[PDB]
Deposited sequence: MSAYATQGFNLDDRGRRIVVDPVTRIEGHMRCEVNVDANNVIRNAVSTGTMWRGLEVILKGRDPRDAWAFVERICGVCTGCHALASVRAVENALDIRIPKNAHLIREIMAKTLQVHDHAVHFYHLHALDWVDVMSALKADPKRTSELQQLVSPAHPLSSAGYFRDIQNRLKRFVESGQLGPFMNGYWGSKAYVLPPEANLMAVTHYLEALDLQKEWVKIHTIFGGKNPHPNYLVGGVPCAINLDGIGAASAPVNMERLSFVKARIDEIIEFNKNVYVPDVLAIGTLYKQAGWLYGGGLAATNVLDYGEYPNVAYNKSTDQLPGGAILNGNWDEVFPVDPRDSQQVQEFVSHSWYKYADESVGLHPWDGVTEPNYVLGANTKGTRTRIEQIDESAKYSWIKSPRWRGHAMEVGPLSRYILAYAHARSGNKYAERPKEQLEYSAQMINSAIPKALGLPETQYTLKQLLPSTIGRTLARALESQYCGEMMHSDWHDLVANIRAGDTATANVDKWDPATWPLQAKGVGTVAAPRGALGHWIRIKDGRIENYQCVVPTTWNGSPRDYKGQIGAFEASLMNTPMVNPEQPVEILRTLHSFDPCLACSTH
């Protein structure tokens, strides 16, 4: 046992293993220890995959890099491609034209919406929603609940709900439950009434059909989804209005606009109201666990400047907060070797000296799969991982030595803090948060006949409910932003600027013989960075630090825990053999393990 970051880690209680963690991207193992009362008193995050993209990139052409690193992940598809082209453009001092900037922003914001919404309904919702309980909802009461939760949502009639319910019924009555097989249904960890469950499962199915429409924005600008194409110097989708032979004409842009408007409708009428309502009911049940590091330390690089290449105009303004002090946002510099560093003390890698963290321009990725002496089982059959030694394929990123949480919650806490200091570019997220607090505290309880609470944003946000909430609000905000981006794009084209690529430094003969660059992206899951070194036209070093690398990190040299492990701490389990609470909180980070390890 030892104490760190205000958490009392104790590994003396009953050990529970969750391998595999399902409803995530990629491969994860989680181990916890629970005390005599089923409270988690220790948590162990193990990334159980590695592919070695950073090794694979060495010696290749920087212009090709985006396509390789895009295949780090098909879920956060395109964010690595964006980071890569930004990194190369940074190294080579290339400025992209305005249309390329706007198209990349639209593509980025499309990913945010698609990623966030699919995660909540298809990965996260079954931690809050009991599908078997939905089988007993009154279709009328469900229609009634729908009208209260989101008055504007057109799909609300009673007949529509018994239609959905009956298809589920005979699906379940078939005896082949498919993805619902061996679920944890009926657990007391579920608190929603039948009506809420049916409403949510209905939206699960609605979202599954709709999500495929949203990505057609990627298809237009980038050819395909998953894995749309990108370009060093701009975008490949050349523009011509007067035309049907160019990649982008006014008809294609009208199509993009129609999809954006559908997105804004879904966020406002389905996604945000569901999360507000589900969040309210679990708040009523007292389930405010899972805050972890969000209560103290949060980080983002900052993103979405309304004036290109001017970081002070970031609409999700970033930086770092420490020790729960929301009055002081520290600036974060991705170039500073004393800020972002990665340790491998407890990771399956080796450094020359593992008592230090390496800034990614000096990063090293050399595999070292070795298990500690206190392991139960063998090298090829682990029964209990030994967290006192190396226990993950994920490196341990820290900022000035501090363990940080990254993600939509971090960005929203940071935006809130910025707004209080006078930053007007963060006004909308602040408005969203205060609207949400008032809905969760007063408005929704009043509509549902529940007692009204008085939680502040400081109390409500650092929680699994808060983390889930911020993801939904970010989706809504991203939809609103790309709606404005579309107008700016069309206006710029109509003013006469059709440029989409800067090719002045496309040829390697124009490059400096040595160069380094960094590209950062506010990816769906948090702070993403790619750091590159170029020598004689080839990649000398390529290092990625990815959002789930931050969140899922194992312990560092000082033994400080990362966001996953901190968030599981101090959480009671209804049944220690059913990982319902573990999944609910882990899933609230939207873990992408392929991303985390690359």
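Missing from the model, by position in the deposited sequence, are residues 1-2, 245-247.
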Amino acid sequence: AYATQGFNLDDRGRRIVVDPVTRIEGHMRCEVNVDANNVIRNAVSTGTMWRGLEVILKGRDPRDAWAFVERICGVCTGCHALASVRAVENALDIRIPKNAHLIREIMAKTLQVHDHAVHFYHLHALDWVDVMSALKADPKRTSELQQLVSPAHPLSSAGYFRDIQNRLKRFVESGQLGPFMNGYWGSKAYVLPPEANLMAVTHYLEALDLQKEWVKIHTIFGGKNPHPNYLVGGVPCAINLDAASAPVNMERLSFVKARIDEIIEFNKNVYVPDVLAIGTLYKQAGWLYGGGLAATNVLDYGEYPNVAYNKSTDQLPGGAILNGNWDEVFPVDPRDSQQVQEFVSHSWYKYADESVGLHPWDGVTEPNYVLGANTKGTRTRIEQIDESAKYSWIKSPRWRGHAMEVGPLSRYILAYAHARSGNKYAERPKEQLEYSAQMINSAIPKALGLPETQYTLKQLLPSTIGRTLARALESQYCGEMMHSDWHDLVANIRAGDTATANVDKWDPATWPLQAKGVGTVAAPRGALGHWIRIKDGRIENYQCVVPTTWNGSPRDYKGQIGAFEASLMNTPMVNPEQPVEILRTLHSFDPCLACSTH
From here on, numbers count along this sequence of modelled residues.
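Coordinates for residue 238 are present in every one of the other compared entries of this protein that model residues on both sides of it, well short of the third needed to count it as often missing. Between 61-69 and 553-561, it is 553-561 that carries the larger average Cα temperature factor according to the deposited entry.
In this entry, 566-574 has the higher mean Cα B-factor, the comparison being between 543-551 and 566-574.
In this structure the maximum Cα B-factor among 474, 488, 89, 328 is found at 328.
Highest CA B-factor among the listed residues (110, 355, 229, 225): 355. The PDB entry assigns residue 282 a C-alpha temperature factor belonging to the middle third of its chain's modelled residues.
Among the modelled residues of the chain, residue 241 sits in the highest third by CA temperature factor in this PDB entry. Residue-level temperature factors show residue 397 in the lowest third of its chain, judged at the C-alpha atom. In the PDB entry, a CA B factor belonging to the lowest third of its chain's modelled residues is recorded for residue 468. The deposited CA B-factor of residue 99 belongs to the lowest third of values across its chain.
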